[PDB]
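Take a look at the structure set out below.
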Amino acid sequence: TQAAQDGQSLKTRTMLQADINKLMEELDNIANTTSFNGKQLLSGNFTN
Amino acid sequence: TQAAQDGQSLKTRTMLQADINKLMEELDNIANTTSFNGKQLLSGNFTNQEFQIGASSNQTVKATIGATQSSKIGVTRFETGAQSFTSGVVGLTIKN
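If you read the protein sequences in the order shown, they are chains C and Z. Under our numbering, residues 641 to 688 are what the first sequence spells out, in order. Under our numbering, residues 923 to 1018 are what the second sequence spells out, in order.
Shown next as structure tokens:
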């Protein structure tokens, strides 16, 4: 939303995108990291 | 208006025109200078810009500041007919 305005040049939008990249990296890290004793919980292999 | 009087020779009128050139040099200097962070505002490249102001995805206002250089603002239209040698009752009609 902050970058959806037109008071921001391509450089500042690029800063936004670079930050979003790291945030999404963190999201993937949480997903692939949370585990009980090896059993990865939030990855998709905890079914049935 | 100061130059439309006939109490001024061509020399003094030239000082008038010499001045307008500088003033008009200033006008389009303002047009090419006002900017936020490089975005020229009063130049003609601020057309169809959005400003997301809503919770959902496409609520936005739009801004289309026209161009205001010294070559695009004052555009009058002159007309003049041939030397009329004939008489007669005339009625014009400026269409549209």
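Ideal Cβ positions, reconstructed from N, Cα and C, are used throughout, including at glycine.
Give the DSSP bridge partners of residue i, in chain order.
i, result
"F958/Z", "In the DSSP output, where bridge partners are listed per residue, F958/Z has none listed."
"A985/Z", "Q971/Z"
"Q645/C", "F973/Z"
For residue i, which option in the options has the closest C-alpha, if you only look at C-alpha atoms?
i, options, result
"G996/Z", "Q962/Z, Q924/Z, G929/Z, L949/Z", "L949/Z"
"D646/C", "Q971/Z, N954/Z, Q991/Z, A926/Z", "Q971/Z"
"residue 1019/Z", "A977/Z, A925/Z, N954/Z", "With chain Z covering 923 to 1018 only, the question about residue 1019/Z has no answer from this structure."
"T641/C", "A925/Z, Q939/Z, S979/Z", "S979/Z"
"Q648/C", "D941/Z, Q974/Z, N943/Z, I942/Z", "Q974/Z"
"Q991/Z", "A940/Z, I952/Z, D941/Z", "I952/Z"
Among residues of its own chain, excluding the 5 on either side of residue i, which ones have a beta-carbon nearer than 6 Å to its beta-carbon?
i, result
"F968/Z", "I987"
Among residues of its own chain, excluding the 5 on either side of residue i, which ones have a beta-carbon nearer than 7 Å to its beta-carbon?
i, result
"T934/Z", "none"
"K984/Z", "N970, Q971, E972"
"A925/Z", "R935, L938"
Taking C-beta pairs closer than 7 Å, name the residues in chain Z that residue i reaches, listed in chain order.
i, result
"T654/C", "By Cβ distance, chain Z contributes nothing, its closest Cβ being about 14 Å from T654/C, past 7 Å."
"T641/C", "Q974"
Starting from residue i, find everything on chain C with Cβ-Cβ shorter than 8 Å and list it in chain order.
i, result
"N951/Z", "Going along chain C, no residue has its Cβ under 8 Å from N951/Z, so there is no contact; the nearest lies around 23 Å."
Using a C-beta to C-beta distance shorter than 9 Å, which residues of chain Z count as neighbours of residue i?
i, result
"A644/C", "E972, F973, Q974, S979, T982"
How would you list, in chain order, the residues of chain C whose beta-carbon sits under 7 Å from the beta-carbon of residue i?
i, result
"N959/Z", "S649"
To which residues of the same chain is residue i closer than 8 Å at the C-beta, ignoring the five residues directly before and after it?
i, result
"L945/Z", "none"
"residue 690/C", "The requested residue 690/C is not part of the displayed model; chain C covers only 641 to 688."
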